[PDB]
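These notes concern the structure reproduced below.
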Amino acid sequence: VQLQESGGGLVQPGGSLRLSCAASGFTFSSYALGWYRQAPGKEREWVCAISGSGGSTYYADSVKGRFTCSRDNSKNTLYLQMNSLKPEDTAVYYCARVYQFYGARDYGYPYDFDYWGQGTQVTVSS
Amino acid sequence: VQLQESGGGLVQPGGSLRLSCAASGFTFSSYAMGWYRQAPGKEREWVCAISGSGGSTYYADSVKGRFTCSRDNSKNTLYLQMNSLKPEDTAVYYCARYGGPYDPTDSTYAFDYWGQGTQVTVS
Amino acid sequence: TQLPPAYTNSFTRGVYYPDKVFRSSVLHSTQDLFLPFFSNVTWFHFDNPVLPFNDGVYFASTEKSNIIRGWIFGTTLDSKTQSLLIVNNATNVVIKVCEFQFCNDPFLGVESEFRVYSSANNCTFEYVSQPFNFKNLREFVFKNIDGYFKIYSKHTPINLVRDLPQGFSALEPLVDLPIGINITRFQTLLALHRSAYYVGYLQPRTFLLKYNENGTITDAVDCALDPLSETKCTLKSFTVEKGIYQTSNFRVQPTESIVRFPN
Amino acid sequence: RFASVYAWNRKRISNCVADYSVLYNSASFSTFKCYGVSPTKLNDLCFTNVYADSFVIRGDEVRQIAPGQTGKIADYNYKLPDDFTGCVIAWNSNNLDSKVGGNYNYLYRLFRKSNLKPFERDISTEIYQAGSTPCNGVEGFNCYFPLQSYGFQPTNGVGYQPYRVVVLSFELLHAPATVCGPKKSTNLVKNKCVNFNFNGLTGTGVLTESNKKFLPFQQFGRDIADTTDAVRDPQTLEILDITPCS
Ligand SMILES: *[C@@H]1O[C@H](CO)[C@@H](O)[C@H](O)[C@H]1NC(C)=O
């Protein structure tokens, strides 16, 4: 299975951008996918994860409401809309595929993953 | 089964304090045990550790040389002899046991058994 | 007190139920490891030797004083491999399997002392029973079959000082323990007195066992014991009518090998 | 109490009946992954020994307890064989292990001389010298104390909460198996032609009450031609005669 990169960009603070990363590889069949956030000065951060077979979606506290995380299983595309981007939210955003993320209540955060996003620079200019 | 800490107190800079702790049953014999400290404004950090059967002691960079930590294997009692204290040394000190070897009988060899805390103040 | 070796005869003892099958008023021919009838049985009594286990062991005692309390079974008994320790502590009965370093003179006494072993190891399992002339004959059969240690036993009231009483009684299964070790030797554990046992070995044999109406074995014929027993076995009867019966084949055995090739 | 990941607790489970369907069916396990076994294969297969291994580890490290994986925990705190048979079960303990101010009681190893062998446990407190200069006591010149604490806060990211993990390792030895799953029984049916299985004895016939008595250790009987004639029900200690179906 293969990864992809689409979107990114520089926006004004308070603006919005669209992200996504098409599903690649002949072996992909509704596997859970999600969004990874990384920056030189920050700990590894999970943005969201969507279960392909059920639609159950995990969101991080800094992501809920502000950003919309969704996936189209007919197009096999993973999409996230970066609404109201803040200066504090600037980072490189990666598209990873979630092995597992929800066997219990009070959970949804991804446990295991395999291939990391290549490169999508999302920045702001005040 | 349980550990109880004692000693502590208030000293002037340059003074010394003998801290101690002890535990019931086969807690200290054939196990490693050591000390940790937590300043009132800081997270808890490692101070020293002594192997009960080994007898050697390792000390933190802020501990080595200035003050020592020891033990008594017959009384299963741990001692710390603190000296050359500075205002920066004010903290609550704890002792704790490291997990040990497998014991075929009903035992708690793998547990840490953290103590209650001994307050050491410099002023 | 230096004792000599001594031996006696098994008579008709050493038969046990080979299976858990109920039969009624039939004669059943079976092949299993059994103590031969009238087999030479070694008599011990100041005696705690280590004996071989071979195929299985027939053990019996005639006591009124509760002196024999247990057994050690194993391959070496030297802490290098696993051994099975079965001891009646006069409180409970403890069965455990460990790589124990055994004493070279194990004993019990009064309970005031328990030696048996020095060091111990990680046991596979442990079982502990609930807390609790000669008058008591205790008979046991110990077998090690496909990793399972099977014990059969019987307790018979007796009145005899010198030897095993004569008669017939079948031993009933007691335990079937999933041990999984090889057993080649064993030692008997006896208590010291404070304020007599027989050991035989099992051999592959065919027996014709007589079951009564209630499924109890009341008699048996050891087919290899005597031509009359062979006749009883081939006819599946303990009563043989007057006549001539063919029971076996006389075969001369070779004793030497010859290997010949040209010079 | 659960043990720290470095000095994890290994409970040897033997000589018992292992009910596994309850663990799979039970709620609130954050992960339950089986390697070489299946929830539809367990509770039936018999094993010689089962080893439970219990550790408290940060959520981000849960992925490291699996065959074929690497990482600081997999390499220095708990190495699992790649040829592993068994199940890794874990659940959130944020409402148990977290404490106000942070729970620093759980330790893990960051500095180890070499990778940990599969199922090998280490309780050493020896100082790691990092291959540079003699330590002669830990000091801040490429010389480190091997064990560090976790900071489990009541409020933290999900990946930073404590999780309790139990790994059930299944061992098959040459000894007779001692750990089997539960057996299921049906209601007893009398006076009908019924296919029956009593322990390991199977057949088809009509079960009726018997007037025969069996010794306490006898489970079934046979007739004059070694054909099964009666059985003693494993749960009700009564004798049942078997009549062939016409
Ligand atoms: C199983 O439990 C029932 C409960 O009534 C009891 O009557 C029966 O004797 C038990 N069976 C065995 C084999 O213990």
If B:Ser53 passes every condition in (1) more than 10 Å from the chain's Cα centre (by Cα); (2) surrounded by 13 or more Cβ atoms within 10 Å (Cβ to Cβ); (3) within 14 Å of chain D (Cβ to nearest Cβ) but one, which one does it miss? (2)
Return yes or no: is D:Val88 of a type in the set (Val, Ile, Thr) and away from every other protein chain (no Cβ under 13 Å)? no
Among the residues of the range C:225-263, how many are in contact with a strand residue (DSSP E or B) (Cβ under 6 Å, 6 or more places away or on another chain) and in a loop (DSSP other than H, G, I, E, B)? 1
Please go through the range C:1-18 and give me each residue that is in a strand (DSSP E or B), under 22 Å from C:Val221 (Cβ atoms) and of a type in the set (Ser, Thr, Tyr), ordered by number. C:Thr8, C:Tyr16
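Filter the range B:1-47 down to the residues that are part of a loop (DSSP other than H, G, I, E, B) and among the hydroxyl-bearing types (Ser, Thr, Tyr), then identify the one that is farthest from D:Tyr106 (Cα to Cα).
Filtering the range B:1-47 down to residues part of a loop (DSSP other than H, G, I, E, B) leaves B:1-2, B:7-8, B:12-16, B:24-31, B:39-44.
From the residues that got through so far, the ones that are among the hydroxyl-bearing types (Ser, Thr, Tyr) too are B:16, B:24, B:27, B:29-31.
Working: B:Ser16: 30, B:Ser24: 22, B:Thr27: 18, B:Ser29: 22, B:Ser30: 21, B:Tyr31: 17 Å.
By that ranking, first place goes to B:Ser16.
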Kindly indicate which of B:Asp106, B:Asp112 is over 15 Å from the mean Cα position of the chain (by Cα) and either under 29 Å from C:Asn122 (Cβ atoms) or within 11 Å of chain D (Cβ to nearest Cβ) (or both). B:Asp106
What pairs can you find where one residue is in the range D:212-234 and within 17 Å of C:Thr218 (Cα to Cα), the other is of a type in the set (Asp, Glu) and within 16 Å of the ligand (Cβ to nearest atom), and their Cβ atoms are less than 6 Å apart, with a gap of 6+ or different chains? none
Flagged in the range D:187-215 as of a type in the set (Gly, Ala, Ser) and more than 14 Å from chain C (Cβ to nearest Cβ), in numbering order, are D:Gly203, D:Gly205
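Looking at the range D:9-32, which of the residues that are hydrophobic (A, V, I, L, M, F, W, C) and assigned to a strand (DSSP E or B) is nearest to D:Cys46 (Cα to Cα)? Steps first, answer last, please.
Taking the range D:9-32 as the starting set, the residues that turn out to be hydrophobic (A, V, I, L, M, F, W, C) are D:13, D:16-18, D:22-23, D:27, D:29, D:32.
Still in the running and assigned to a strand (DSSP E or B): D:13, D:17, D:32.
Numbers: D:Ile13: 13, D:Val17: 9, D:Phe32: 20 Å.
By that ranking, first place goes to D:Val17.
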Does B:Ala22 fit the bill of being closer than 21 Å to D:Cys135 by Cβ, surrounded by 17 or more Cβ atoms within 10 Å (Cβ to Cβ) and of a type outside the set (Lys, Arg)? no
Exactly one of (1) within 14 Å of chain B (Cβ to nearest Cβ); (2) touching a strand residue (DSSP E or B) at 6+ places or on another chain (Cβ under 7 Å) is unmet by D:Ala7. Its number? (2)
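When you scan the range C:118-207 for strands (runs of 3 or more DSSP E) that lie fully inside it, which ones turn up with 1 or more residues that are of a type outside the set (A, V, I, L, M, F, W, C) and within 30 Å of C:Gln31 (Cβ to Cβ)? Full working, then the answer.
On the way: elements: C:126-128, C:136-145, C:148-157, C:172-178, C:185-192, C:197-201.
Passing ranges, in order: C:136-145, C:148-157, C:172-178, C:185-192, C:197-201.
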Output the number of the condition that A:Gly65 fails; it satisfies all remaining conditions of (1) in a strand (DSSP E or B); (2) on the phi > 0 side of the Ramachandran plot. (1)
Of C:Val175, C:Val141, C:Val161, which residue is farther than 15 Å from C:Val87 by Cα and exposed (fewer than 14 other Cβ atoms within 10 Å of the Cβ)? C:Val161
Anything in the range D:216-246 that is away from the ligand (no atom under 14 Å from the Cβ) and either away from chain C (no Cβ under 11 Å) or surrounded by fewer than 16 Cβ atoms within 10 Å (Cβ to Cβ) (or both)? List them, or say none. D:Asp223, D:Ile224, D:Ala225, D:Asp226, D:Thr227, D:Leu240, D:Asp241, D:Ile242, D:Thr243, D:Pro244, D:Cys245, D:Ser246
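Which residue out of B:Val92, B:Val47, B:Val122 is at negative phi and touching a helix residue (DSSP H, G or I) at 6+ places or on another chain (Cβ under 7 Å)?
Working: B:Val92 fails: touching a helix residue (DSSP H, G or I) at 6+ places or on another chain (Cβ under 7 Å); B:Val47 fails: touching a helix residue (DSSP H, G or I) at 6+ places or on another chain (Cβ under 7 Å).
Residue meeting the stated conditions: B:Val122.
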Report yes if some residue within the range D:144-165 is over 26 Å from D:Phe32 (Cα atoms), more than 16 Å from the ligand (Cβ to nearest atom) and not in a strand (DSSP E or B); otherwise report no. yes
Quick check: anything in the range D:177-186 within 14 Å of chain C (Cβ to nearest Cβ) and within 16 Å of the ligand (Cβ to nearest atom)? no
Return a yes/no flag: does the range D:186-193 have any residue that is surrounded by 12 or more Cβ atoms within 10 Å (Cβ to Cβ) and outside any loop (DSSP other than H, G, I, E, B). yes
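Conditions tested, residue by residue: (1) of a type in the set (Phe, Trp, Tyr); (2) within 14 Å of chain D (Cβ to nearest Cβ); (3) touching a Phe, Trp or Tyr at 6+ places or on another chain (Cβ under 8 Å).
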| site | (1), (2), (3) |
| --- | --- |
| C:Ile145 | no, yes, no |
| C:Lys150 | no, yes, yes |
| C:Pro157 | no, no, no |
| C:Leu171 | no, yes, yes |
| C:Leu177 | no, yes, yes |
| C:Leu189 | no, no, yes |
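Listed here are the residues, each with its yes/no results for (1) among the hydrophobic types (A, V, I, L, M, F, W, C); (2) within 23 Å of B:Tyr109 (Cβ to Cβ).
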{"position": "D:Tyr6", "(1), (2)": "no, yes"}
{"position": "D:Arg10", "(1), (2)": "no, yes"}
{"position": "D:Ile13", "(1), (2)": "yes, yes"}
{"position": "D:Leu23", "(1), (2)": "yes, no"}
{"position": "D:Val37", "(1), (2)": "yes, no"}
{"position": "D:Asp97", "(1), (2)": "no, yes"}
Answer yes if at least one residue in the range D:139-161 is on the phi > 0 side of the Ramachandran plot and over 29 Å from the mean Cα position of the chain (by Cα), and no otherwise. yes
Hey, D:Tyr163 touching a strand residue (DSSP E or B) at 6+ places or on another chain (Cβ under 6 Å) and more than 30 Å from D:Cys16 (Cα to Cα) or not: no
Given C:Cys123, C:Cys233, which one is surrounded by 14 or more Cβ atoms within 10 Å (Cβ to Cβ), away from every other protein chain (no Cβ under 13 Å) and not polar (S, T, N, Q)? C:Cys233
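No value in this document is a laboratory result; all are computed from the given coordinates. Quick reminder, even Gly has a Cβ in these numbers, built from the backbone with ideal geometry, and neighbours come from all protein chains shown.
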